[PDB]
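Quick setup: one chain, the form deposited in one PDB entry, written in structure tokens, and binding and motion questions come after.
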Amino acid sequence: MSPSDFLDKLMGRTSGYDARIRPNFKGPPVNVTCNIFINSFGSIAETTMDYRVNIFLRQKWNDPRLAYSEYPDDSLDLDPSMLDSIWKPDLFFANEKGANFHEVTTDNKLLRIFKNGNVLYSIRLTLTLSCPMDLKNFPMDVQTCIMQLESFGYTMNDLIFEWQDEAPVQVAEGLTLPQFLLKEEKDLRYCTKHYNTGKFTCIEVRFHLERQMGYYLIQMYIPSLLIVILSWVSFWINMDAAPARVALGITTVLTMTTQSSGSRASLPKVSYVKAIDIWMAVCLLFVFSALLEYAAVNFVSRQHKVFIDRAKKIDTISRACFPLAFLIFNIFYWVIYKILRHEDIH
């Protein structure tokens, strides 16, 4: 009746329970059903290609040696300090770079035991998980982060992991990300590792994150468009003001180069072309073409009177031709980069 003697009667030397033996030795494999609650989600860094998460991991399995029939209550929520005295699955995260438990006050490790021997085991973890990021279409990209739960020491004939049938991944209410939107749907997949040591169980969960475009509109696109429009001002300046137009061209080209360099400041040094790179390259080509247009005008207007009329015609043609070509480029760029974004994330 007392609780103290029941605790060590269930598991102990008198009971003969061995925590080094899985519940069904030399029998069917242990079936562990897992679910995850995401308390926080952030620190998504493209430079290191990883993200930090904080979760409650819940594992449920069955231990026949832990079945009791004395206490009337079906479930026993006991003290989370006898985890060392019972068998537990050897779960680990395959793509984890860094993981830690939480020891604030009492370690966060809930354990409930049912009448039939069902064990529920909940533990709070902080993980840093690697995420290979495809940075093509970078300002308008969608990334897929994965989380793999794998057995390290037991093969498929001893330990099998399964996702819970209902709500395997829950997210804390009000969880928002400053840079990304987390899609409501989450993919559950069956990884299965094959090493030279054998076959090991694995379960995978995939989160989809869409980058928000407002910051890049404020920071990169609008300043570059302003530089292009500023370079167009040269066409309305008197053709005899050589220092003015030449300085306009120089400053616009150099500023465009600086902005192109700065657009990849917080990104890994990937060796393919991104969407922002295409935008910056076209803007640089536009400002360079404006400077070359003035160079042609200056060269033509001193060939001595059709040489003056020809330069005036070049300026008047450019005044309308540059914005029209830029508008056509903008239409094509935005249409094709909002059409690629209609490709299925899967």
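Think of the rigid core as the biggest set of C-alphas that the two forms share within 1.5 Å after superposition. One rule holds for the numbers: they count along the sequence shown, beginning at 1.
Below: the form deposited in another entry, not depicted.
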Could you check which of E184, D90, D79, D165 shows a C-alpha shift of 2 Å or more between the shown form and the other one after a rigid core superposition? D79
Taking the rigid core as the reference frame, tell me whether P323 has a CA displacement of 2 angstroms or more between the shown form and the other one. yes
Return yes or no for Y272: a CA shift of at least 2 Å between the shown form and the other one, with the rigid core superposed? yes
Per-residue C-alpha change between the shown form and the other one, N100, threshold 2 Å, rigid core fit: no
Since the C-alpha distance between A265 and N95 changes by 3 Å or more in that other deposited form, give its direction relative to the shown form: closer or farther. farther
